[PDB]
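S.K.: Would you mind keeping the following structure in view while I ask a few things?
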Amino acid sequence: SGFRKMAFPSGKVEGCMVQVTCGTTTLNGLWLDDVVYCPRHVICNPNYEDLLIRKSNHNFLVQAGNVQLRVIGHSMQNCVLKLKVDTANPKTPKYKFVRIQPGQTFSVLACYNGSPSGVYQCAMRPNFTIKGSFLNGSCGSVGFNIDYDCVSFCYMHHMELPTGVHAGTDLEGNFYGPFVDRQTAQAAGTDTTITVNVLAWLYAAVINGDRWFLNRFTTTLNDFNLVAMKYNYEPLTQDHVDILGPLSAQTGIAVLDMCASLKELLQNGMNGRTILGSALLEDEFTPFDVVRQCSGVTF
Amino acid sequence: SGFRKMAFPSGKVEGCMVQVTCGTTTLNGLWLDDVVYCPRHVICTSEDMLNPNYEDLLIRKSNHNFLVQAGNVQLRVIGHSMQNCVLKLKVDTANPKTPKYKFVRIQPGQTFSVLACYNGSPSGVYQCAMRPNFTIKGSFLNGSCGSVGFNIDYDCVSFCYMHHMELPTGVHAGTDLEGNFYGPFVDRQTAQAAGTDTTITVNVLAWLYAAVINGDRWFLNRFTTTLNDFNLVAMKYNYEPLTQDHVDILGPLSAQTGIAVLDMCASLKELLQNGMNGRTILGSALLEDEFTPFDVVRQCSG
Ligand SMILES: CNS(=O)(=O)c1ccc2c(NC(=O)[C@]3(OC)CCOc4ccc(Cl)cc43)cncc2c1
Ligand SMILES: CNS(=O)(=O)c1ccc2c(NC(=O)[C@]3(OC)CCOc4ccc(Cl)cc43)cncc2c1
Ligand SMILES: [Cl-]
């Protein structure tokens, strides 16, 4: 029993964290095989082609523990800088670079000066920001998932928006959201609740013996989406309904039956009651996270 | 900016997790240098669990009865001894991944990271607090016994907890790494229950200072209180008494924000009276008590 926000074991990613210093700027890099990946703003209206052409390999100081790596090449791919080094990382795990969609969750290994300091779980918000926990020097920290023994790198941290939320890119340097890596007026758009994730967390509550919110009612997918749009909740699709199938079969509560519970919770509140120790509806657990935690999958 | 429940990086502990098998029982072990530490109930069958005599069960075992697996490699057990509720298996190979470590016994209110494992394989990491009733609100299934709680200081791992059992309310009980249980629990299937739990007051105050550092001031008021008047109110909401030690510990946060501890105590009294009125504090509609004053300073300053 129990239900916690749980991150993937971070060890395979810890063995890849390095410090990258160029001029007066210091941030984190991800060392995989003979390449170090880091935000391109380490070289900083910037003209990154013009700023990069003026740099030599010896301008980038890369440090892995107490060992300095020698940079033998450099190239830019979108908003990520790729530093070719002379030595392949012997701790390189089996890995892939994957771009995730809003609502998907991942683990973040927060780093400062190439040293990991913490791990937390979070979700890609529908407005493409992440509600992270980052200070100055956190740039280059990465987001990931683990499948068996393969690390899927999905996020690299780049900046903090004025509301305290964070923006970054996939490992190919493409930003999540309409953000740019430049000091200019930028803001997070109006955010919405990840509906499929709230439903998955309501199934996790049922599996853990929290059932007060259940009711005898059902609803149509159209009627639920009309209600959800009024409460700034993301639309629920047939794909989301299908994904929730296994949890629906395990608890005996049809997805549209759980939608009627969610509709009653949105129109009436919790009334002093809690669900899994929370007075708010949690949306940072996917249906797969719920199945993984309520069955004990290992890495 | 931002405030998350944050666990320590788990890599130094992952390289210590092994699987320990005794007959039909399998659980997790912690391999440090040439010793594997695990709950002593690995020598019990489901039949032995009500009133087991561990000294009598252990004396009947030989080294080859213990099967220890580290990855796809079987370790050879060359000795065994019991220390309180932990079994210590001497092995023929020192773990080359043994980090710098210490065994520390923690007090209620203190937080730690838990690396949840099954069959010697890590499956997840989360952040916990030792509740005032000496239980932890963990997330554990069958076979999680032997999973460990820890903190990291520089490059040193402080092991503070080893998981042993689940009480009937779904909460968990365990020991320090010397086998001494936290709380009045025993490693027997006899009727046991968690005592009435309370809120960790010093931790709620630390989290209110974290909200002030992140720009939230809506809950502050023009009032102060005596330490005694605060405690009289707090006990009525099942909050732990706040001691002068707690007031002193909050000193640095008080100096950084400019809000005296007893002035923040007056905001807490008001929040307990009025509730939040549809508002949240650091994205939460409840008062968070699983962040210590030390966690707040580390996450907000470095
Ligand atoms: C709010 N103060 S803080 O917590 O120390 C902080 C400061 C900077 C943080 C940070 N850095 C940045 O956003 C910038 O990094 C150079 C600052 C200047 O403006 C830009 C513009 C574009 C880009 Cl891509 C980056 C930055 C990242 N993540 C978290 C940060 C927490
Ligand atoms: C509630 N079902 S479950 O989630 O699968 C589960 C089952 C057993 C869990 C478990 N095991 C135990 O508590 C016991 O382990 C042999 C079961 C029998 O009673 C005792 C008595 C004393 C001691 Cl020290 C251990 C046990 C631990 N932690 C979490 C557990 C989740
Ligand atoms: Cl302590």
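Ordering of the structure tokens sets the chain letters (A, B, ...), residue numbers begin anew at 1 in every chain, and ligands are numbered from 1 in the order given.
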Report as a list in words the set of chain B residues whose atoms approach chain A to within 6 Å, with distances computed over only C-alpha atoms.
M.R.: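 That gives the following set of residues: residues 1, 2, 3, 4, 6, 7, 8, 9, 10, 11, 121, 122, 123, 124, 125, 126, 138, 139, 140, 170 and 285 of chain B.
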S.K.: Next, write the just-selected residues to a file, as a compact mmCIF listing (two decimals), in the first residue's frame, keeping N, CA and C atoms as the atom set.
M.R.:
# COMPACT_ATOMS: atom_id res chain seq x y z
N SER B 1 13.66 29.44 -8.79
CA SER B 1 12.31 29.34 -8.24
C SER B 1 11.69 27.94 -8.38
N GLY B 2 10.59 27.72 -7.67
CA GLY B 2 9.90 26.45 -7.67
C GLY B 2 10.16 25.71 -6.38
N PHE B 3 9.23 24.85 -6.00
CA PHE B 3 9.38 24.07 -4.79
C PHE B 3 8.78 22.70 -4.97
N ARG B 4 9.63 21.71 -5.05
CA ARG B 4 9.22 20.35 -5.27
C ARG B 4 9.66 19.47 -4.13
N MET B 6 11.73 16.71 -3.25
CA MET B 6 12.90 16.27 -3.96
C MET B 6 13.63 15.17 -3.23
N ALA B 7 13.96 14.11 -3.94
CA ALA B 7 14.71 13.00 -3.37
C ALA B 7 16.19 13.17 -3.75
N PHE B 8 17.09 12.52 -3.02
CA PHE B 8 18.51 12.56 -3.35
C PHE B 8 18.76 11.66 -4.56
N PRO B 9 19.80 11.94 -5.38
CA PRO B 9 20.13 11.03 -6.48
C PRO B 9 20.42 9.63 -5.91
N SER B 10 19.80 8.58 -6.47
CA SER B 10 19.86 7.23 -5.90
C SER B 10 20.99 6.30 -6.36
N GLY B 11 21.80 6.73 -7.31
CA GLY B 11 22.88 5.93 -7.87
C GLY B 11 23.84 5.27 -6.90
N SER B 121 16.32 -5.46 -7.27
CA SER B 121 16.27 -4.48 -8.36
C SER B 121 15.51 -3.20 -7.99
N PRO B 122 16.18 -2.03 -8.12
CA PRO B 122 15.52 -0.76 -7.78
C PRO B 122 14.43 -0.41 -8.76
N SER B 123 13.25 -0.05 -8.25
CA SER B 123 12.16 0.30 -9.15
C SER B 123 11.70 1.75 -9.06
N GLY B 124 12.04 2.44 -7.98
CA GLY B 124 11.65 3.83 -7.83
C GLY B 124 12.25 4.54 -6.64
N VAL B 125 12.25 5.88 -6.70
CA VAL B 125 12.78 6.68 -5.61
C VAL B 125 11.76 7.73 -5.20
N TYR B 126 11.55 7.88 -3.90
CA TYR B 126 10.63 8.89 -3.38
C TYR B 126 11.12 9.47 -2.06
N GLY B 138 4.88 5.16 3.26
CA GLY B 138 5.62 4.77 2.07
C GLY B 138 4.73 4.21 0.98
N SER B 139 5.37 3.65 -0.04
CA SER B 139 4.67 3.03 -1.14
C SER B 139 5.42 1.75 -1.35
N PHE B 140 4.91 0.69 -0.74
CA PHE B 140 5.57 -0.60 -0.71
C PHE B 140 4.60 -1.76 -0.98
N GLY B 170 -1.99 0.55 6.24
CA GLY B 170 -1.26 0.84 5.01
C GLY B 170 0.02 1.63 5.23
N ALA B 285 -3.21 22.60 -1.48
CA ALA B 285 -4.38 23.02 -0.72
C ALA B 285 -4.34 22.55 0.74
S.K.: As a JSON list (two decimals) with N, CA and C atoms, in the first residue's frame, please: all residues of segment 29-243 of chain B that backbone DSSP puts in strand (DSSP E).
M.R.:
[["chain", "number", "residue", "atom", "x", "y", "z"],
["B", 29, "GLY", "N", 18.69, -6.88, 0.12],
["B", 29, "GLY", "CA", 19.82, -6.71, 1.01],
["B", 29, "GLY", "C", 20.66, -5.52, 0.58],
["B", 30, "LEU", "N", 21.40, -4.96, 1.52],
["B", 30, "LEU", "CA", 22.27, -3.82, 1.28],
["B", 30, "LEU", "C", 23.72, -4.32, 1.41],
["B", 31, "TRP", "N", 24.45, -4.34, 0.29],
["B", 31, "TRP", "CA", 25.83, -4.86, 0.23],
["B", 31, "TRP", "C", 26.84, -3.71, 0.35],
["B", 32, "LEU", "N", 27.51, -3.60, 1.50],
["B", 32, "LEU", "CA", 28.51, -2.56, 1.76],
["B", 32, "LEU", "C", 29.79, -3.26, 2.19],
["B", 35, "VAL", "N", 29.92, -7.11, 3.59],
["B", 35, "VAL", "CA", 28.75, -7.51, 4.39],
["B", 35, "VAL", "C", 27.43, -7.16, 3.69],
["B", 36, "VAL", "N", 26.45, -8.06, 3.76],
["B", 36, "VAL", "CA", 25.11, -7.81, 3.22],
["B", 36, "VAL", "C", 24.19, -7.68, 4.43],
["B", 37, "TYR", "N", 23.45, -6.57, 4.52],
["B", 37, "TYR", "CA", 22.54, -6.32, 5.64],
["B", 37, "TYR", "C", 21.13, -6.56, 5.13],
["B", 38, "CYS", "N", 20.28, -7.29, 5.88],
["B", 38, "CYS", "CA", 18.90, -7.50, 5.45],
["B", 38, "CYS", "C", 17.98, -7.75, 6.66],
["B", 39, "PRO", "N", 16.63, -7.64, 6.54],
["B", 39, "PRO", "CA", 15.77, -7.93, 7.70],
["B", 39, "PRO", "C", 15.95, -9.40, 8.13],
["B", 66, "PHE", "N", 21.85, -19.46, 2.72],
["B", 66, "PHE", "CA", 21.61, -18.10, 2.24],
["B", 66, "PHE", "C", 22.07, -17.92, 0.78],
["B", 67, "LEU", "N", 21.15, -17.61, -0.14],
["B", 67, "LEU", "CA", 21.51, -17.36, -1.54],
["B", 67, "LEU", "C", 21.49, -15.84, -1.80],
["B", 68, "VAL", "N", 22.66, -15.24, -2.05],
["B", 68, "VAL", "CA", 22.76, -13.81, -2.30],
["B", 68, "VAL", "C", 23.08, -13.57, -3.77],
["B", 69, "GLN", "N", 22.27, -12.74, -4.44],
["B", 69, "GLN", "CA", 22.48, -12.45, -5.85],
["B", 69, "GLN", "C", 22.68, -10.94, -6.11],
["B", 70, "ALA", "N", 23.81, -10.58, -6.71],
["B", 70, "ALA", "CA", 24.15, -9.20, -7.09],
["B", 70, "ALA", "C", 24.21, -9.18, -8.62],
["B", 73, "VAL", "N", 25.26, -12.34, -10.75],
["B", 73, "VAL", "CA", 26.35, -13.01, -10.06],
["B", 73, "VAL", "C", 25.91, -13.44, -8.68],
["B", 74, "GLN", "N", 26.19, -14.69, -8.32],
["B", 74, "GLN", "CA", 25.87, -15.18, -6.99],
["B", 74, "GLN", "C", 27.06, -14.93, -6.08],
["B", 75, "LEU", "N", 26.83, -14.29, -4.93],
["B", 75, "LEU", "CA", 27.90, -14.06, -3.96],
["B", 75, "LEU", "C", 27.98, -15.25, -3.01],
["B", 77, "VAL", "N", 28.37, -16.70, 0.67],
["B", 77, "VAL", "CA", 28.23, -16.31, 2.08],
["B", 77, "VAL", "C", 29.24, -17.11, 2.91],
["B", 78, "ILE", "N", 30.15, -16.42, 3.61],
["B", 78, "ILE", "CA", 31.18, -17.09, 4.43],
["B", 78, "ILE", "C", 30.98, -16.89, 5.96],
["B", 79, "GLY", "N", 29.91, -16.22, 6.35],
["B", 79, "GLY", "CA", 29.58, -16.01, 7.75],
["B", 79, "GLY", "C", 28.24, -15.34, 7.93],
["B", 80, "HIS", "N", 27.67, -15.43, 9.12],
["B", 80, "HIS", "CA", 26.39, -14.78, 9.41],
["B", 80, "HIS", "C", 26.26, -14.48, 10.90],
["B", 81, "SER", "N", 25.68, -13.33, 11.22],
["B", 81, "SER", "CA", 25.42, -12.94, 12.59],
["B", 81, "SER", "C", 24.20, -12.03, 12.62],
["B", 82, "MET", "N", 23.53, -12.00, 13.76],
["B", 82, "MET", "CA", 22.35, -11.19, 13.94],
["B", 82, "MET", "C", 22.66, -10.02, 14.86],
["B", 83, "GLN", "N", 22.16, -8.83, 14.52],
["B", 83, "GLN", "CA", 22.32, -7.67, 15.37],
["B", 83, "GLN", "C", 20.95, -7.04, 15.48],
["B", 86, "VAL", "N", 18.29, -7.06, 12.37],
["B", 86, "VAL", "CA", 18.99, -7.16, 11.11],
["B", 86, "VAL", "C", 19.90, -8.39, 11.10],
["B", 87, "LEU", "N", 19.95, -9.06, 9.97],
["B", 87, "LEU", "CA", 20.85, -10.18, 9.73],
["B", 87, "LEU", "C", 22.03, -9.62, 8.90],
["B", 88, "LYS", "N", 23.25, -9.97, 9.29],
["B", 88, "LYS", "CA", 24.46, -9.53, 8.62],
["B", 88, "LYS", "C", 25.13, -10.74, 8.00],
["B", 89, "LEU", "N", 25.19, -10.79, 6.67],
["B", 89, "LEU", "CA", 25.80, -11.90, 5.96],
["B", 89, "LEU", "C", 27.17, -11.50, 5.46],
["B", 90, "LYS", "N", 28.20, -12.12, 6.01],
["B", 90, "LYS", "CA", 29.56, -11.88, 5.57],
["B", 90, "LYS", "C", 29.73, -12.56, 4.21],
["B", 91, "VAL", "N", 30.23, -11.84, 3.19],
["B", 91, "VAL", "CA", 30.44, -12.44, 1.88],
["B", 91, "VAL", "C", 31.94, -12.45, 1.50],
["B", 100, "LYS", "N", 31.16, 6.13, 0.17],
["B", 100, "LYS", "CA", 31.48, 6.61, 1.51],
["B", 100, "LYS", "C", 30.13, 6.59, 2.25],
["B", 101, "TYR", "N", 30.05, 5.95, 3.42],
["B", 101, "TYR", "CA", 28.77, 5.83, 4.12],
["B", 101, "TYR", "C", 28.89, 5.85, 5.65],
["B", 102, "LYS", "N", 27.75, 6.06, 6.30],
["B", 102, "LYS", "CA", 27.54, 6.12, 7.74],
["B", 102, "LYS", "C", 26.18, 5.49, 8.01],
["B", 103, "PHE", "N", 26.00, 4.99, 9.21],
["B", 103, "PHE", "CA", 24.71, 4.50, 9.68],
["B", 103, "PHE", "C", 24.26, 5.56, 10.70],
["B", 111, "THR", "N", 13.39, 13.88, 7.40],
["B", 111, "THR", "CA", 13.09, 13.35, 6.10],
["B", 111, "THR", "C", 14.23, 12.51, 5.54],
["B", 112, "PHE", "N", 13.92, 11.68, 4.53],
["B", 112, "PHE", "CA", 14.89, 10.84, 3.85],
["B", 112, "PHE", "C", 14.34, 10.33, 2.52],
["B", 113, "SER", "N", 15.24, 9.87, 1.63],
["B", 113, "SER", "CA", 14.88, 9.29, 0.35],
["B", 113, "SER", "C", 14.76, 7.78, 0.47],
["B", 114, "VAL", "N", 13.77, 7.19, -0.19],
["B", 114, "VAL", "CA", 13.60, 5.76, -0.17],
["B", 114, "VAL", "C", 13.80, 5.19, -1.58],
["B", 115, "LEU", "N", 14.67, 4.20, -1.71],
["B", 115, "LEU", "CA", 14.86, 3.52, -2.98],
["B", 115, "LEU", "C", 14.07, 2.22, -2.85],
["B", 116, "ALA", "N", 12.86, 2.17, -3.44],
["B", 116, "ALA", "CA", 12.02, 0.97, -3.34],
["B", 116, "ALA", "C", 12.56, -0.10, -4.30],
["B", 117, "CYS", "N", 12.79, -1.34, -3.81],
["B", 117, "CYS", "CA", 13.36, -2.48, -4.55],
["B", 117, "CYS", "C", 12.53, -3.73, -4.40],
["B", 118, "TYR", "N", 12.63, -4.61, -5.40],
["B", 118, "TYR", "CA", 11.98, -5.92, -5.48],
["B", 118, "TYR", "C", 12.99, -6.84, -6.15],
["B", 121, "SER", "N", 16.32, -5.46, -7.27],
["B", 121, "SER", "CA", 16.27, -4.48, -8.36],
["B", 121, "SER", "C", 15.51, -3.20, -7.99],
["B", 122, "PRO", "N", 16.18, -2.03, -8.12],
["B", 122, "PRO", "CA", 15.52, -0.76, -7.78],
["B", 122, "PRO", "C", 14.43, -0.41, -8.76],
["B", 123, "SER", "N", 13.25, -0.05, -8.25],
["B", 123, "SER", "CA", 12.16, 0.30, -9.15],
["B", 123, "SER", "C", 11.70, 1.75, -9.06],
["B", 124, "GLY", "N", 12.04, 2.44, -7.98],
["B", 124, "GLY", "CA", 11.65, 3.83, -7.83],
["B", 124, "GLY", "C", 12.25, 4.54, -6.64],
["B", 125, "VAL", "N", 12.25, 5.88, -6.70],
["B", 125, "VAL", "CA", 12.78, 6.68, -5.61],
["B", 125, "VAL", "C", 11.76, 7.73, -5.20],
["B", 126, "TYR", "N", 11.55, 7.88, -3.90],
["B", 126, "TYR", "CA", 10.63, 8.89, -3.38],
["B", 126, "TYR", "C", 11.12, 9.47, -2.06],
["B", 127, "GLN", "N", 10.54, 10.58, -1.65],
["B", 127, "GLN", "CA", 10.88, 11.30, -0.43],
["B", 127, "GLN", "C", 9.84, 11.01, 0.64],
["B", 128, "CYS", "N", 10.30, 10.78, 1.87],
["B", 128, "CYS", "CA", 9.57, 10.38, 3.09],
["B", 128, "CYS", "C", 9.93, 11.26, 4.27],
["B", 129, "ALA", "N", 9.16, 11.13, 5.35],
["B", 129, "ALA", "CA", 9.45, 11.70, 6.66],
["B", 129, "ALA", "C", 9.11, 10.64, 7.70],
["B", 148, "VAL", "N", 15.89, 0.57, 1.43],
["B", 148, "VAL", "CA", 16.49, 1.47, 2.41],
["B", 148, "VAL", "C", 16.16, 2.94, 2.21],
["B", 149, "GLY", "N", 16.20, 3.67, 3.34],
["B", 149, "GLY", "CA", 16.02, 5.11, 3.46],
["B", 149, "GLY", "C", 17.38, 5.75, 3.68],
["B", 150, "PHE", "N", 17.64, 6.90, 3.04],
["B", 150, "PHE", "CA", 18.96, 7.53, 3.11],
["B", 150, "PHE", "C", 18.96, 9.04, 2.84],
["B", 151, "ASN", "N", 20.05, 9.69, 3.21],
["B", 151, "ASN", "CA", 20.32, 11.09, 2.88],
["B", 151, "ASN", "C", 21.76, 11.12, 2.35],
["B", 152, "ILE", "N", 22.11, 12.15, 1.58],
["B", 152, "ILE", "CA", 23.47, 12.31, 1.08],
["B", 152, "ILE", "C", 24.05, 13.65, 1.53],
["B", 153, "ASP", "N", 25.28, 13.65, 2.06],
["B", 153, "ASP", "CA", 25.97, 14.87, 2.50],
["B", 153, "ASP", "C", 27.29, 14.88, 1.77],
["B", 156, "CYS", "N", 28.83, 11.47, 0.90],
["B", 156, "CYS", "CA", 28.59, 10.48, 1.91],
["B", 156, "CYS", "C", 27.12, 10.06, 2.02],
["B", 157, "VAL", "N", 26.87, 8.75, 1.97],
["B", 157, "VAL", "CA", 25.51, 8.26, 2.12],
["B", 157, "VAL", "C", 25.21, 7.95, 3.58],
["B", 158, "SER", "N", 24.21, 8.60, 4.17],
["B", 158, "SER", "CA", 23.77, 8.28, 5.52],
["B", 158, "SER", "C", 22.54, 7.36, 5.45],
["B", 159, "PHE", "N", 22.74, 6.06, 5.74],
["B", 159, "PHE", "CA", 21.64, 5.11, 5.75],
["B", 159, "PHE", "C", 20.91, 5.29, 7.06],
["B", 160, "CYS", "N", 19.59, 5.50, 7.03],
["B", 160, "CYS", "CA", 18.84, 5.71, 8.27],
["B", 160, "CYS", "C", 17.67, 4.77, 8.47],
["B", 161, "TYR", "N", 17.28, 4.03, 7.44],
["B", 161, "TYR", "CA", 16.11, 3.19, 7.54],
["B", 161, "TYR", "C", 16.22, 1.95, 6.68],
["B", 162, "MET", "N", 15.67, 0.83, 7.18],
["B", 162, "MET", "CA", 15.54, -0.40, 6.41],
["B", 162, "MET", "C", 14.08, -0.84, 6.60],
["B", 163, "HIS", "N", 13.37, -1.08, 5.51],
["B", 163, "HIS", "CA", 11.96, -1.46, 5.55],
["B", 163, "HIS", "C", 11.76, -2.91, 6.00],
["B", 164, "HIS", "N", 10.80, -3.13, 6.95],
["B", 164, "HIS", "CA", 10.50, -4.45, 7.48],
["B", 164, "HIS", "C", 9.01, -4.84, 7.30],
["B", 165, "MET", "N", 8.02, -3.95, 7.62],
["B", 165, "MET", "CA", 6.62, -4.37, 7.55],
["B", 165, "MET", "C", 5.56, -3.30, 7.29],
["B", 166, "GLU", "N", 4.37, -3.77, 6.90],
["B", 166, "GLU", "CA", 3.24, -2.90, 6.67],
["B", 166, "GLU", "C", 2.22, -3.12, 7.76],
["B", 172, "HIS", "N", 3.98, 2.08, 7.09],
["B", 172, "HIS", "CA", 5.10, 1.17, 7.19],
["B", 172, "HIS", "C", 5.98, 1.34, 8.42],
["B", 173, "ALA", "N", 6.58, 0.23, 8.86],
["B", 173, "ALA", "CA", 7.47, 0.23, 10.02],
["B", 173, "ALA", "C", 8.80, -0.43, 9.64],
["B", 174, "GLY", "N", 9.88, 0.05, 10.24],
["B", 174, "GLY", "CA", 11.20, -0.48, 9.95],
["B", 174, "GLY", "C", 12.22, -0.12, 11.01],
["B", 175, "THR", "N", 13.51, -0.40, 10.73],
["B", 175, "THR", "CA", 14.57, -0.20, 11.72],
["B", 175, "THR", "C", 15.66, 0.75, 11.22]]
S.K.: With only C-alpha atoms as the basis for distance, which of B:220, B:291, B:202, B:48 is at the shortest distance from residue 267 of chain B?
M.R.: B:220
S.K.: If you measure from atom CA of residue 232 of chain A to atom CA of residue 189 of chain A, what distance in Å do you get, rounded to one decimal?
M.R.: 12.6 Å
S.K.: Counting only C-alpha atoms, what is within 10 Å of residue 52 of chain A, bar same-chain residues fewer than 2 positions away, as a ChimeraX atom specification?
M.R.: /A:40,43-44,47-50,54-56,74-76,81
S.K.: For residue 247 of chain B, list every protein, DNA or RNA residue within 12 Å, evaluated using only C-alpha atoms, and leave out those in the same chain fewer than 4 positions away; present the list as a VMD selection string.
M.R.: chain B and resid 201 to 203 205 to 206 226 to 227 230 241 to 243 251 to 254 260 to 265 293
S.K.: Quick one: distance from atom CA of residue 197 of chain B to atom CA of residue 273 of chain A in Å, one decimal?
M.R.: 17.4 Å
S.K.: Select the residues contacting ligand 3 at a distance of at most 10 Å, based on only C-alpha atoms and all ligand atoms, then format the selection as a PDB file with N, CA and C atoms, in the first residue's frame.
M.R.:
ATOM      1  N   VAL B 104      23.090   6.159  10.499  1.00  0.00           N
ATOM      2  CA  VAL B 104      22.571   7.188  11.407  1.00  0.00           C
ATOM      3  C   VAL B 104      21.139   6.826  11.852  1.00  0.00           C
ATOM      4  N   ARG B 105      20.816   6.977  13.135  1.00  0.00           N
ATOM      5  CA  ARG B 105      19.451   6.783  13.603  1.00  0.00           C
ATOM      6  C   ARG B 105      18.804   8.175  13.619  1.00  0.00           C
ATOM      7  N   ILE B 106      17.667   8.365  12.924  1.00  0.00           N
ATOM      8  CA  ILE B 106      16.990   9.657  12.863  1.00  0.00           C
ATOM      9  C   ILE B 106      15.868   9.809  13.924  1.00  0.00           C
ATOM     10  N   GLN B 107      15.381  11.032  14.120  1.00  0.00           N
ATOM     11  CA  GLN B 107      14.293  11.371  15.039  1.00  0.00           C
ATOM     12  C   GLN B 107      13.014  11.690  14.229  1.00  0.00           C
ATOM     13  N   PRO B 108      11.814  11.589  14.843  1.00  0.00           N
ATOM     14  CA  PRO B 108      10.580  11.953  14.111  1.00  0.00           C
ATOM     15  C   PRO B 108      10.637  13.377  13.550  1.00  0.00           C
ATOM     16  N   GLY B 109      10.044  13.560  12.382  1.00  0.00           N
ATOM     17  CA  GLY B 109      10.066  14.832  11.690  1.00  0.00           C
ATOM     18  C   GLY B 109      11.156  14.896  10.637  1.00  0.00           C
ATOM     19  N   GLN B 110      12.230  14.093  10.798  1.00  0.00           N
ATOM     20  CA  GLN B 110      13.321  14.085   9.833  1.00  0.00           C
ATOM     21  C   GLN B 110      12.868  13.412   8.523  1.00  0.00           C
ATOM     22  N   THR B 111      13.394  13.879   7.403  1.00  0.00           N
ATOM     23  CA  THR B 111      13.088  13.347   6.097  1.00  0.00           C
ATOM     24  C   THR B 111      14.235  12.507   5.537  1.00  0.00           C
ATOM     25  N   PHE B 112      13.918  11.680   4.525  1.00  0.00           N
ATOM     26  CA  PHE B 112      14.895  10.839   3.845  1.00  0.00           C
ATOM     27  C   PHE B 112      14.336  10.327   2.519  1.00  0.00           C
ATOM     28  N   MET B 130       9.887  10.585   8.767  1.00  0.00           N
ATOM     29  CA  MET B 130       9.621   9.732   9.907  1.00  0.00           C
ATOM     30  C   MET B 130       8.473  10.427  10.644  1.00  0.00           C
ATOM     31  N   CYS B 160      19.595   5.499   7.028  1.00  0.00           N
ATOM     32  CA  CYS B 160      18.842   5.711   8.272  1.00  0.00           C
ATOM     33  C   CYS B 160      17.673   4.773   8.471  1.00  0.00           C
TER      34      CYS B 160
END
S.K.: Tell me, which residues of segment 66-298 of chain B carry DSSP alpha helix (DSSP H), written as a ChimeraX atom specification?
M.R.: /B:201-213,227-236,244-249,251-257,261-274,293-298
S.K.: With only C-alpha atoms as the basis for distance, which of A:227, A:291, A:32, A:130 is at the shortest distance from residue 157 of chain A?
M.R.: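 Comparing A:227, A:291, A:32, A:130 against residue 157 of chain A, the winner is A:130.
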S.K.: To one decimal place, how far is atom 28 (N, counted along the ligand's line) of ligand 2 from atom CA of residue 250 of chain A in Å?
M.R.: 21.7 Å
S.K.: Return the single residue from B:15, B:185, B:5, B:76 that is closest to ligand 2, with distances computed using only C-alpha atoms and all ligand atoms.
M.R.: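 Between B:15, B:185, B:5, B:76, the residue approaching ligand 2 most closely is B:185.
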S.K.: Please provide the set of residues having any atom within 8 Å of residue 133 of chain B, restricted to only C-alpha atoms, with same-chain residues fewer than 3 positions apart removed, written as a compact mmCIF listing (two decimals) with N, CA, C and O atoms, in the first residue's frame.
M.R.:
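What landed in part.txt:
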# COMPACT_ATOMS: atom_id res chain seq x y z
N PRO B 108 11.81 11.59 14.84
CA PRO B 108 10.58 11.95 14.11
C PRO B 108 10.64 13.38 13.55
O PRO B 108 11.27 14.27 14.13
N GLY B 183 9.96 3.13 16.76
CA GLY B 183 8.63 2.94 17.33
C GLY B 183 8.48 1.69 18.16
O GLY B 183 9.41 0.89 18.28
N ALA B 194 -0.55 1.47 14.45
CA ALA B 194 0.11 2.76 14.51
C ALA B 194 -0.64 3.63 15.54
O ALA B 194 -1.88 3.58 15.61
N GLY B 195 0.10 4.37 16.35
CA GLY B 195 -0.52 5.31 17.28
C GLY B 195 -1.15 6.48 16.53
O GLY B 195 -0.92 6.65 15.32
N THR B 196 -1.96 7.31 17.21
CA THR B 196 -2.60 8.47 16.54
C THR B 196 -1.50 9.39 15.99
O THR B 196 -0.54 9.64 16.72
N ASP B 197 -1.55 9.72 14.70
CA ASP B 197 -0.50 10.55 14.12
C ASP B 197 -0.80 12.05 14.27
O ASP B 197 -1.95 12.48 14.40
N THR B 198 0.27 12.85 14.28
CA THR B 198 0.16 14.28 14.42
C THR B 198 0.96 14.98 13.31
O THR B 198 1.79 14.34 12.63
S.K.: Excluding residue 77 of chain A and residues on its chain fewer than 2 positions from it, collect all residues at most 10 Å away from it, counting only C-alpha atoms, and give them as a list in words.
M.R.: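 Neighbouring residues, sequence-local ones excluded: residues 37, 40, 75, 79, 80, 81, 82, 171, 172, 173 and 174 of chain A.
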S.K.: Which of these residues is nearest to residue 147 of chain A, using only C-alpha atoms: A:29, A:252, A:73, A:93?
M.R.: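 Looking only at the distances to residue 147 of chain A, the closest residue turns out to be A:93.
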S.K.: Quick one: of B:278, B:215, B:23, B:168, who's nearest to ligand 2, counting only C-alpha atoms and all ligand atoms?
M.R.: B:168
